[PDB]
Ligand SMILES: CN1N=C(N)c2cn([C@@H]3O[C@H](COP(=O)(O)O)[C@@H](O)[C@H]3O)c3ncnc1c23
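There is one chain below, alone, in structure tokens, taken in the form deposited without the named molecule.
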């Protein structure tokens, strides 16, 4: 059961790719919820953060470092929010691990 992210990864679905390496891919959200809204995904198709395991420690740290690097590259110096959704109550849309990065507006509280 590959998710739609398999098409972003294999480039069969065009996307605005901000960053790519052997471990991960970064691309703009199809439906931005802020002036800047992008996703950091692992190439390893970890379905959800609840299903990450000890072996994924280095990859998970790499995803946060790529998120904060890309946030700087996208001019989010006045701040931003990183979001990971798990499961139904999380509103997880796609069952491939992704970090949302939202900036360029005041994010409110609570976070949904």
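Each form is matched to the other, and the largest set of C-alpha atoms that superpose within 1.5 Å is called the rigid core. Residue numbers count along the first chain shown, from 1.
Rigid core fits of the other structures in 8 other deposited structures of this protein place the C-alpha atoms of one stretch farther away on average; of 12-20 and 99-107, that stretch is 12-20.
When the C-alpha B-factors of 15-23 and 95-103 are averaged, 15-23 comes out higher.
Between the residues 31, 83, 65, 40, it is 31 that shows the highest Cα B-factor in the PDB record. Residue 59 sits in the lowest third of its chain by CA B factor, as recorded in the PDB entry. Annotation for residue 50: C-alpha temperature factor in the lowest third relative to the rest of the modelled chain, per the entry.
Absent from the display: the form deposited with the named molecule bound. The rest refers to it.
Of the heavy atoms in residue 39, some are within 4.5 Å of the named molecule in the bound PDB entry. Taking the partner from elsewhere, residue 48 is found to have every heavy atom lying beyond 4.5 Å of the named molecule in the bound PDB entry. Using a 4.5 angstroms threshold between heavy atoms, residue 23 stays clear of the named molecule in the bound PDB entry. Mapping the unseen interface onto this chain, residue 85 counts among the residues with a heavy atom inside 4.5 Å of the named molecule in the bound PDB entry. The candidate spot formed by 1, 6 and 44 is out of contact with the named molecule in the bound PDB entry: none of the three has a heavy atom within 4.5 Å. Taking the named molecule as it sits in the bound PDB entry, the stretch 85-102 comes within 4.5 angstroms of it through a non-hydrogen atom at 85, 91, 92, 93, 94, 98, 100.
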